[PDB]
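The structure tokens that follow cover one protein chain in two forms, given apart as structure 1 and structure 2.
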Structure 1
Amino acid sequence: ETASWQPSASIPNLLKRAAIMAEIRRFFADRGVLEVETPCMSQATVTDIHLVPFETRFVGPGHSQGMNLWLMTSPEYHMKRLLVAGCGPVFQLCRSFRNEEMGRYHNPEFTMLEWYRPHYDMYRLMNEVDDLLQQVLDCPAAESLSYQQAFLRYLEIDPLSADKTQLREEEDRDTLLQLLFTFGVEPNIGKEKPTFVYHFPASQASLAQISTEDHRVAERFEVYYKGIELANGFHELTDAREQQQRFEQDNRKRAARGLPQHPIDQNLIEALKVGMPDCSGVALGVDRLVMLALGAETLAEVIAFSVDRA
């Protein structure tokens, strides 16, 4: 429609977005959470099987042949390194990068709000996220639903026990579960108020600690509202050995799927060996939250220049 040179977001939306950013900063300042800035580029990347990071070449030091750098998909690894270093509760409003096509709710570069809370367990963190959503969105308090309960209610099936065959009614169980969640659960939740889905299957623990009450589940949660996935958080895994092992598992799964394997970030593992204080952390997509807050129809409407015009 508009000529390419124009921003995809209206001037009024840019002003309203700036107000929301300041509101988010006040929210954390009032709770004593320190703001930090970590790298957008790294010598390492993530093994998470669902992400495709951007790659770029750096001239490197002195007389080097040069070196590959990956753009950061989320500031998590560096923030955990800071936690081990004693930074205390911290948040960050950074630009994050993912090599994936632009969509109504996706841009290859987007703003992430990610923060960590030492001594907070998963529920405690969820309540804080709930507070932030109610404030900037002026929406009602959230509903919380366990992954298992979500499946039973909308698909009349138990994801923690259901048979592979039953699920089909793909030999990889999690892909099957994610398929069912994407088309069978997601479209039905967060309609009247934000929905927190917690206690994902152990296999989808990512960097979250496994539940002490039920080994089949991980202390991970995701927030959905008005059809948009808004956040993803964990009671963080502090065991370096298990973390190293999960990254190895990631690469095995990548390989078996014909996906490139990624180097394991040794800086994250060495930090975890030194010791990360027990904590829970969460990452929320700021553009999506702003889009909902401003009544926008697409992410592009709240981003100065979506990639198609950048």
Structure 2
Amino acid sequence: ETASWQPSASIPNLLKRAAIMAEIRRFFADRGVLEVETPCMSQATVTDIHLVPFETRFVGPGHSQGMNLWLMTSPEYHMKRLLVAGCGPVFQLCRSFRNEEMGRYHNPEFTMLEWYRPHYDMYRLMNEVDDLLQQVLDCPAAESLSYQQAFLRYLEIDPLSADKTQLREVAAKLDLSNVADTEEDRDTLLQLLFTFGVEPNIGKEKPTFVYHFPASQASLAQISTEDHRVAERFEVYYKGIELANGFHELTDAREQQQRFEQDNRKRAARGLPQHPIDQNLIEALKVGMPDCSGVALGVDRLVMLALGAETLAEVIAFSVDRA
């Protein structure tokens, strides 16, 4: 039950988890997608605004030198360096770390499944994901909704045109005024409305894909060429659980460097520490990365839904609480 020495996950659960891991490796082996292993520690980190990484320090043999390192929040930068090196389609099942993150569906350290597909647009990648969710969750083909139509459907509002006033009252109808009336960031408003207005009503029977997030929420995705208002970014949800985030990767070194610079300006303006831009990723982008699409999926969450567990701690040998 709860004696701290005991694992948070049950043996039966661990047995099935492993089986799902193998099911996942097989799926990629059948598609000729190579497996790789990138570092957990690095001299660089990510600038993404809401993430806060773990830090640790390396001290060389005999107490000679010193060197600060960051634990990877995701394997993305290293894998992009590899795509440029010419590795072809690759995937990875690694352990990632995110500080300040713990709860029913979050653990400071979790298992991530991330893969890249050269020459696959956002749609061909999404279809691959769907095939994976179908085999592991044993569910029907997911549905696909655009960020725009998801808002209109469930909130009768257009996230691409509506303005702070119009959507601040949708927040009042959702009873979120306390966190909205005082928010002057349009994007933060949208996220607030999406995560609390759309996410909980999505993917009830089968998983649901939501693409074309607003351009402001592109992260490392390309901006659409058709509609400069949306980005080539997508996420997939099931039973109210966020399963993966992916996108048609941005390959313009210039633009990618500007966004990282903006991330740092936003962080400072908020009192958050600034993180040095990973020059290796930039440098590799300058050499030229293959046109491609990638995606990161929370394995722990996939296993959780597949075994019908109620919490993430149930499918993890030892969650932080007792690690």
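Basically, rigid core = biggest C-alpha set you can superpose within 1.5 Å across the two forms. Numbering runs along the sequence of structure 1, starting at 1.
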* **Residue from 277, 263, 60, 39 whose Cα, after superposing the rigid core, lies 2 Å or more away between the two structures** => 60
* To do: Enter the rigid core superposed C-alpha shift of residue 50 between the two structures, rounded to one decimal in Å.
  => 1.2
* Rigid-core fit: what Cα movement does residue 102 have between the two structures, in Å to one decimal? -> 2.1
* **Core-aligned Cα shift of residue 203 between the two structures, given in Å** => 0.6
